[PDB]
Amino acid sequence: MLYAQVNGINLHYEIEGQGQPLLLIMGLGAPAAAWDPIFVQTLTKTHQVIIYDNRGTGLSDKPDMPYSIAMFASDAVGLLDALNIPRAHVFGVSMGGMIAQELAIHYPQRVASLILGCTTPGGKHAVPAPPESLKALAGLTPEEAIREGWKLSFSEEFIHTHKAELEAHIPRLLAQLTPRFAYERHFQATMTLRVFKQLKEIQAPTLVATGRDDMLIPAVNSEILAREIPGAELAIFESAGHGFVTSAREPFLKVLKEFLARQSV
């Protein structure tokens, strides 16, 4: 129901809670509805949490044009401008983490602190998973694509013991599908990231976090990020993968809240 007009397009967002602003940036082809709800609701107790649909996703406009990480970052800053927020804590997951890096480099004045979740600096120094594995875009229903996607983010035992919790998220994901053309624009956007050499210039206090057994974005990329960014802290969660925000939710909340309690806008 709420929209901000940014760079000539409409971006759907939701904002909740009181406290310092915390902007959450979601990954490849994923709308705000993809956020773990307990994670987001818990953060609203201490922070004013902003979530949103990147262009191409959810209820935002979906222009069929080349997308880039710079463009996504410009959209995020424009959202903050529309909300009249001069400075925000930024947490980005996966491609959202790439957007966050771009924000910290090119718009440092807008970024109070930086949290980089299961992400990568891209380029020849990064380690990707096979492009093949990013086929959670098949011949499958959207529902069965989501269930197959869980195998990339969660262990078999986690999927078994948390079945009801995972399945309850399906309707929220199916409510606004990312169309194939937009998904491809997001995928190509991931190859426009040119930040490795500039990571050392990031001034924001930084936390880098991932699951050790991430099969989609190898966890070594977090070690690379943490090494390059001055003063960056590193949190690797042991029995967890790409879906660590869900499968390591309480340990990550504890680390994230402790990090944020030492920060300000």
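Don't overthink the numbering: it's just position in the shown sequence, from 1.
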Q: Using the PDB record, quantify the missing residues of the deposited sequence between residue 137 and residue 138 as none, 1 to 3, 4 to 9, or 10 or more.
A: 1 to 3
(Q) Can you tell me whether 22-30 has a higher mean C-alpha B factor than 232-240 in this record, or the other way round? (A) 232-240
Q) Can you tell me which stretch has the higher mean Cα B-factor, 115-123 or 186-194? A) 186-194
Q. Among 225, 217, 59, 38, which carries the highest Cα B-factor?
A. 225
**Q.** Residue selected from 158, 91, 107, 150 by maximal Cα B factor
**A.** 107
Q.
Sorting by Cα B-factor within the chain, modelled residues only, which third would residue 6 end up in: lowest, middle or highest?
A. middle
Q.
By the recorded C-alpha temperature factor, relative to the other modelled residues in its chain, which third is residue 81 in?
A. middle
Q | Relative C-alpha B-factor of residue 42, binned into the chain's lowest, middle or highest third | A | lowest
Q) Lowest, middle or highest third: where is residue 163 by Cα B-factor in its chain? A) lowest
(Q) Can you tell me whether residue 131 has a C-alpha B-factor in the lowest, middle or highest third compared with the other modelled residues of the same chain? (A) highest
